[PDB]
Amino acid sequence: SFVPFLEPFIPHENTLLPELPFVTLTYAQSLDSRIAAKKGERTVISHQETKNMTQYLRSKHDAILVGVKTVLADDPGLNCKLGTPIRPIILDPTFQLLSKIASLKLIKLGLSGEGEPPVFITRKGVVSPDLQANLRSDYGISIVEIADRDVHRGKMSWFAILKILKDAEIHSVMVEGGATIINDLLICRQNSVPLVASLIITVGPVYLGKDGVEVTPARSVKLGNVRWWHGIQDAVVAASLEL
């Protein structure tokens, strides 16, 4: 089963970057490395056993992180079907989702207790102190700010994002997407050391085509400690990123 397969890759202590959480980067792709169908089309990539595997992986992480455009497109719950607590983290630099905050599934789950209180990562000063206090009371959310010196030409440093999560006592985070975040984290290094600890990819037996949402890093990326698993329809590769 996928349980012994994943055992070397689930979060642990042997980390080269103690200031950061253990980071798992994990997603499901078509054969042509798309992670969503073309606009207006339905996305079917991962089948039931690897969906079970993804929920199992969530049961091993303190937090789950996705980008604002994933929330807008998918309205994900960001909890764990096994029932273990996982903290939802949404990267939303200008807090686009504020105008939608009352209707999001992840907000409803936080209020009902079926999920944990969400955290939104924004630029400094997007939400005033007073408004942060009201949003915490009314919608059960917290705001974490990235310092101006950690944003260059509009892009937040992943080192800075992960350090702030670790300081919020998040010891492990499962980063699921979307493609912008995946492409960036595949190449992110701190003195040649990757910020991602484990890469876990489900490959579904489908082509989504040239107009789907593409994953491909800006340069070639080598993998180490590679192990494969497969079920009936899907395969899974797990690896580290090479130095």
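Counting begins at 1, following the sequence as shown.
* 48-56 set against 211-219, stretch whose average Cα temperature factor tops the other in the entry -> For C-alpha atoms only, the mean B-factor is higher in 211-219.
* Please work out which of 165-173 and 86-94 has the higher mean CA B-factor as recorded in the PDB entry. => The recorded data point to 165-173.
* In this PDB entry, which of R149, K105, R153, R136 has the top CA B-factor? -> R153 has the highest C-alpha B-factor of those listed.
* To do: Choose from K69, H61, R34, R42 the residue with the greatest Cα B-factor as stated in the PDB record.
  => That would be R42, according to the entry.
* Which third of the chain holds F159 when residues are ordered by C-alpha B factor: lowest, middle or highest? -> Its C-alpha B-factor, which the entry lists for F159, ranks in the highest third among residues of this chain.
* **Chain-relative CA temperature factor third for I187** => Within its chain, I187 is a highest-third residue by C-alpha B-factor, going by the deposited values.
* Chain-relative CA temperature factor third for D130 -> Within its chain, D130 is a highest-third residue by C-alpha B-factor, going by the deposited values.
* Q233: which third of its chain by C-alpha temperature factor? -> Middle third of the chain for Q233's C-alpha B-factor.
* To do: Place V119 in the lowest, middle or highest third of its chain's C-alpha B-factors, as listed in the PDB entry.
  => Answer is lowest: the recorded C-alpha B-factor places it there.
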